[PDB]
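# Tertiary structure, described
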Number of protein chains: 2
Amino acid sequence: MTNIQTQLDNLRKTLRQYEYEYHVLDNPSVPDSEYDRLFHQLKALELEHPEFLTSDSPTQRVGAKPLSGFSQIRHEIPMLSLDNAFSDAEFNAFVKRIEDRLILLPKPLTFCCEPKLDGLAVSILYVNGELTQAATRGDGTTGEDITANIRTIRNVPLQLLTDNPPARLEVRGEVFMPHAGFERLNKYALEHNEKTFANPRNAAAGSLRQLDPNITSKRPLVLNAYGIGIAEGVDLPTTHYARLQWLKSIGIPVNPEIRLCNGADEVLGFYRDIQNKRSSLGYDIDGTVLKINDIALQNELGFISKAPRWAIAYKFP
Amino acid sequence: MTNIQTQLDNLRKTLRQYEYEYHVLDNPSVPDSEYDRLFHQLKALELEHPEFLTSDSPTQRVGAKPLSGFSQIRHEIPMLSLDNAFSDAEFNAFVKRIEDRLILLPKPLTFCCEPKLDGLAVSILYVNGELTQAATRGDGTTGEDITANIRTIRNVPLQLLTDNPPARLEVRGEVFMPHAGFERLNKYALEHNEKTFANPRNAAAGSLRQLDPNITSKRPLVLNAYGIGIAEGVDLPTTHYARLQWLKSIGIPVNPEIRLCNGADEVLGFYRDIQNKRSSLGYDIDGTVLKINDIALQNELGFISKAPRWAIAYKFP
Ligand SMILES: Cc1ccc(Cn2cc(C(N)=O)ccc2=O)c(C)c1
Ligand SMILES: Cc1ccc(Cn2cc(C(N)=O)ccc2=O)c(C)c1
Ligand SMILES: NC(=O)n1nc(-c2ccco2)nc1N
Ligand SMILES: NC(=O)n1nc(-c2ccco2)nc1N
């Protein structure tokens, strides 16, 4: 035991906890100045005792060197996109289809309802609680390695906030740029004779395809987790909403507008409520993602790859 | 001009025409013995004058040498699979969804209704009327090069039957093994202490993954074309059914049970009629493939890749 090792450990724990309160709970227990005091105390002590510097320390989010190019990552589990609907009647047709298709239709049929964030879909792998890799969705089978860029995102923990993390956990979510950060970015870019972005989605896409993580760090990106891919060494909750509450409880940011709704009519009320809040959210949304909450029912229903909306195979019983 | 070149040309034309009548029209104008007389007259003349032997001659379906392994082919246009339905109510939900989603719903809504063949999906490319390449569907993006095996299939023309073939035409269909051929294959395999096949789909899959085309040739495989991929240098018909009538008119085999139906009720009558004929067809089917007939409506409706059946994005207008 040394006093330096203990001070480093204590500072790291305290800082990760403050990052959780600020970023995930939106309820910081200390002012930003106090967080920064401890942050640059940690940074200086590590630099004076580099034998104790860890790769997942709060001070190590930015790789000091730009990359040459992005490597490709093949997802172990396919990463899905979403089919869409443009009206209440079309949404009702989607529900009616599920109701007939299910072996046993529960009473009620519960949906996890989420805002549809207009950003870039990503996969972030935690091995024994440590962030080891991150990839873009790509085509759903293969994506690009954006690990270094994802590490710069302030609300993405470099380590899970739990003493018993799973052996492996893949978090899936959307990276997006809120309105305030987007407005600042364009003001700065116009002042410094640099290129402006047309909308926050383009700004987030561009920021994540940047090869220098020093540049990504200056871009105000945020993650909101919406699902789980790989999960080894953990009994994941059996409902989608509980899985999200679980990710939040171990350090992962989740959108606070998510709600449970029973049946199509309550779901359409959620859709209208979010449609009315659009103006007040502070980030861009495209619509709502409506998900069957029960995981066993998701597994039964399954997914479809490269299928026309203009044809169907009516199978014989 | 030489008399040998003229005799070879005449024999090839006559044989390709008889192959069309026998395989595509199911209405041969001559007996099998007459077709064979001309066939082995062509084969002998080519072998006595090998300078005039062509790669697309009716006698050149079987590459005399097995391959080492299958090469991979990336489809230029994605090759689609089908979503499915298990009841009238589920099928009606699929139609109701289309009716609401379309900008303008026509009166009537016409469907091209086909039996769902239980075989292997393939892509066959014709360049200036010549069969140059064939691939399995694979994952819809990449498949295996099965050109040599596809050339052995008796009802697959090595050249299109038209004096003005498109610059490029990609035929998509199902390769399957009819009941009679399947029964013969298993009888022969059991007699010759060889492995039997559980069902015709397995027999067709196995036959197409064979590396020696000499073995594929002895397997009674059939193509039925169900669509078109690439098409350059041709104004394709604007309805799916007319595109199939067009493929038939230029030498490609198409299933004769295909019909046009107006609205969901007529479509369900087609489904019940085919379900009753199952016993009498002479090949295995899984159900029916029901397609929006209008090509512009197919283009408007589009397709979905890797999407859950348990979620939807209701987009804001
Ligand atoms: C100078 C400075 C330091 C920190 C922050 C924001 N913030 C605050 C906390 C906190 N209060 O626990 C934790 C992490 C964090 O990123 C800003 C915007 C500016
Ligand atoms: C000996 C032999 C020759 C031909 C056939 C079948 N067949 C017939 C014709 C035909 N009638 O125009 C054309 C092609 C073809 O494959 C069988 C089964 C047996
Ligand atoms: N974009 C967005 O906000 N998404 N996307 C999904 C998604 C994609 C596939 C499954 O779920 N869920 C949410 N909230
Ligand atoms: N298997 C079968 O008989 N199919 N498959 C299609 C298909 C697959 C994608 C588009 O169409 N059409 C028919 N008749």
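- What the entry reports as its method is X-ray crystallography, with 1.90 Å given for the resolution.

### What about the overall build of chain A?
- When its secondary structure is counted, chain A shows ten helices and 13 strands.
- Its C-alpha atoms give chain A a radius of gyration of 21 Å, near enough to 20 Å, the size a compact globule of 317 residues would have.
- Along the three orthogonal principal directions, the C-alpha set of chain A runs to about 70 × 50 × 40 Å.
- The contacts of chain A with a sequence gap of at least 6 include a subset with a gap of at least 24, amounting to 75%.

### Brief notes about the interface of chain A and chain B
- Between chain A and chain B, the contact holds 57 residues from the first and 57 residues from the second.
- Of all the secondary structure elements, the ones that give two or more residues to the side of chain A that touches chain B are strand 2 (84-85), helix 3 (88-101), helix 9 (263-277), strand 10 (285-292), helix 10 (295-301), strand 11 (303-304), strand 12 (307-308) and strand 13 (311-315) of chain A.
- Examining the composition of the side of chain A that touches chain B, we find that eleven residues originate from one element, helix 3 of chain A, more than from any other.
- Per-class residue counts for the side of chain A that touches chain B are 30 nonpolar, eleven polar and 16 charged.
- Judged from the five bridges that link them, strand 10 of chain A and strand 13 (residues 311-315) of chain B form a sheet pairing that is antiparallel. In the sheet register, A:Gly287 faces strand 13 of chain B, and the bridge partner there is B:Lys315.

### Some remarks on the packing of aromatic side chains
- Tallied over the full model, the rule gives 14 aromatic pairs over all chains.
- Taken together through their ring pairs, the aromatic side chains of A:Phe91, A:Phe94, A:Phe111, A:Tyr271, B:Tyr314 and B:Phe316 make up a single cluster.
- The ring of A:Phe197 carries A:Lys195 above its face, with NZ or CZ at 4.0 Å from the centroid.

### Topic: the site of ligand 1
Residue and element names in this part refer to chain A.
- The environment of ligand 1 is formed by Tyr18, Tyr22, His23, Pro28, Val30, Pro31, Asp32 and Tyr35.
- At a separation of 3.0 Å, a nitrogen atom of ligand 1 approaches a polar backbone atom of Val30.
- Within the side chain of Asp32, one N or O atom sits 3.1 Å away from a nitrogen atom of ligand 1.
- If ligand 1 stood free it would expose 450 Å²; the protein chains cover 69% of that surface.
- Ranked by residues supplied to the shell around ligand 1, first place goes to helix 1 (residues 3-25) with three residues.
- Residue composition of the shell around ligand 1, grouped by class: six nonpolar, one polar and one charged.

### Side note on the UniProt feature "active site" in chain A
All names here are of chain A.
- Mapped onto this numbering, the UniProt entry gives "active site" at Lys116.
- Within the element layout of this structure, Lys116 appears in strand 3 (residues 110-117).
- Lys116 gets classed as buried once you look at its relative accessible area, which sits at 17%.

### Some words on the relation of the copies chain A and chain B
- The two copies are related by a screw motion: chain A maps onto chain B through a turn of 180 degrees and a shift of 0.0 Å along the axis, at an RMSD of 0.0 Å. Overall, the copies show the geometry of a two-fold rotation axis. Taking C-alpha positions as the reference, the residue of chain A nearest the rotation axis is A:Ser305, at 2.2 Å.
- A shared binding surface is used by both copies, with 100% of the interface residues of chain A retained as interface residues in chain B.

### A short note on the sheet that holds strand 10 (residues 285-292) of chain B
- Reading across the sheet, the five strands line up as 2(B)-13(A)-10(B)-3(B)-9(B) and stay open at both edges, with mixed pairing between neighbours. With partners counted over all chains shown, the strands left at the sheet margins are strand 2 (84-85) and strand 9 (259-262) of chain B, one partner each.
- Where helix 9 (residues 263-277) of chain B meets the sheet, its contacts fall on strand 13 of chain A together with strand 3 (110-117), strand 9 and strand 10 of chain B, and the angle it forms with strand 9 of chain B comes to roughly 140 degrees.

### So, the packing of helix 1 (residues 3-25) of chain B against helix 2 (residues 32-48) of chain B
Residue and element names in this part refer to chain B.
- Relative to each other, helix 1 and helix 2 sit at 145 degrees, their axes nearing to 10 Å. Handedness of the helix 1/helix 2 crossing: left-handed. Together, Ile4, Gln7, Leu8, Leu11, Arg12, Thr14, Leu15, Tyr18, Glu19 and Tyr22 of helix 1 and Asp32, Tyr35, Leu38, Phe39, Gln41, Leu42, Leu45 and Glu46 of helix 2 make up the contact between the two elements.
- Along the lines of polarity and charge, the residues of the contact of helix 1 with helix 2 split into eleven nonpolar, three polar and four charged.

### Topic: the site of ligand 2
Residue and element names in this part refer to chain B.
- With respect to spatial proximity, the complete set of residues near ligand 2 consists of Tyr18, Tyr22, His23, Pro28, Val30, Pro31, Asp32 and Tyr35.
- Separating a nitrogen atom of ligand 2 from a backbone N or O atom of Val30 is a distance of 3.0 Å.
- A distance of 3.1 Å separates a nitrogen atom of ligand 2 from a polar side-chain atom of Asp32.
- In the complex, the protein chains occlude 70% of the 450 Å² of accessible area that ligand 2 would expose alone.
- Of all elements in the fold, only helix 1 and helix 2 reach the threshold of two or more residues within the shell around ligand 2.
- Residue contributions to the shell around ligand 2 peak at three residues, all from helix 1.
- Among the residues making up the shell around ligand 2, the classes are represented as six nonpolar, one polar and one charged.

### Points about the pairing of strand 3 of chain A
Residues and elements named next belong to chain A.
- Counting buried residues along strand 3, seven of its eight residues qualify, which places the element largely inside the surrounding structure.
- Where strand 3 lies against strand 9 (residues 259-262), four bridges are found, and the strand directions are antiparallel. Opposite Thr110, over in strand 9, you have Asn262 as the bridge partner.
- With seven bridges joining them, strand 3 and strand 10 adopt antiparallel strand pairing. Note that in strand 10 the partner of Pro115 across the bridge is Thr288.

### A closer look at the environment of B:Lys218
- On the secondary structure map, B:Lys218 appears in the loop between helix 7 (213-217) and strand 8 (222-232).
- Between the C-alpha atoms of B:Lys218 and B:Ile252, which are 34 residues apart in sequence, the distance is 21 Å.

### Structural notes on the pattern of salt bridges
- As enumerated under the stated definition, the model contains 30 salt bridges over all chains in all.
- With a shortest N-O distance of 3.1 Å, A:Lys291 and A:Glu114 are connected by a salt bridge. Taken together, the positions of A:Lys291 in strand 10 and A:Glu114 in strand 3 put the pair 177 residues apart, joining distant regions of the chain. We note that A:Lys291, like A:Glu114, is buried.
- It is possible to trace a salt-bridge network through shared partners that takes in A:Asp83, A:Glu90, A:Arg309, B:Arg97 and B:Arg101.

Criteria and cut-off values
- Note that residue numbers begin from 1 in each chain and follow the written sequence, not necessarily the entry's scheme, while residues that lack coordinates are absent from the view.
- Chain letters and ligand numbers both follow the written order, the letters beginning at A and the numbers at 1.
- Based on all heavy atoms of the structure, the side-chain values leave hydrogens and waters out of the count.
- Residues with missing side-chain atoms are left out of burial classes, side-chain pairs and their counts.
- To qualify as a helix, a DSSP run of H or I must reach at least 4 residues; to qualify as a strand, a run of E must reach at least 2; elements of each kind are numbered from the N terminus.
- In this description the radius of gyration comes from C-alpha coordinates, and the expected globular size is given by 2.2 Å times residues to the power 0.38.
- For this analysis, residues touch if any pair of their heavy atoms sits within 4.5 Å.
- Residues are grouped as follows: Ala, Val, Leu, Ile, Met, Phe, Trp, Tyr, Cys and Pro are nonpolar; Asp, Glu, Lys and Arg are charged; all remaining types, including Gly, are polar.
- DSSP calls a pair of strands paired once it identifies at least 2 bridges connecting them.
- Only centres within 6.5 Å qualify two rings of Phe, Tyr or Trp (six-membered ring in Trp) as a pair; their planes then separate them into stacked at under 30 degrees, edge-to-face at over 60, and tilted for everything else.
- Ring-over charges, as used throughout, are those where CZ of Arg or NZ of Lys falls within 6 Å of the ring centre and within 35 degrees of the ring normal.
- One heavy atom suffices: a residue is near a molecule or strand as soon as one of its heavy atoms comes within 4 Å of it.
- Any pair of nitrogen or oxygen atoms within 3.5 Å is treated as a polar contact; in protein, a donor-acceptor pairing is required on top of that, and neighbouring residues in sequence qualify only through side-chain atoms on both sides.
- For every accessible area listed, the method is Shrake-Rupley and the probe measures 1.4 Å; residues are considered covered only by the protein chains on display.
- UniProt positions are given in the numbering used here, feature names are shortened, and annotations may be inferred rather than shown by experiment.
- In this scheme, a residue with accessible area under 20% of its type's maximum is buried, one over 50% is exposed, and one in between is partly exposed, where area comes from a 1.4 Å probe on protein chains only.
- For the superposition of copies, the fit is least squares and the atoms are the C-alpha atoms.
- Each axis is a line fitted through C-alpha atoms, taken for helices only over the stretch in contact, and angles between the N-to-C directions span 0 to 180 degrees.
- Note: crossing handedness is left-handed where the near helix turns anticlockwise from the far helix by less than a right angle, and right-handed where it turns clockwise.
- Any carboxyl oxygen of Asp or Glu within 4 Å of a side-chain nitrogen of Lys or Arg constitutes a salt bridge here.

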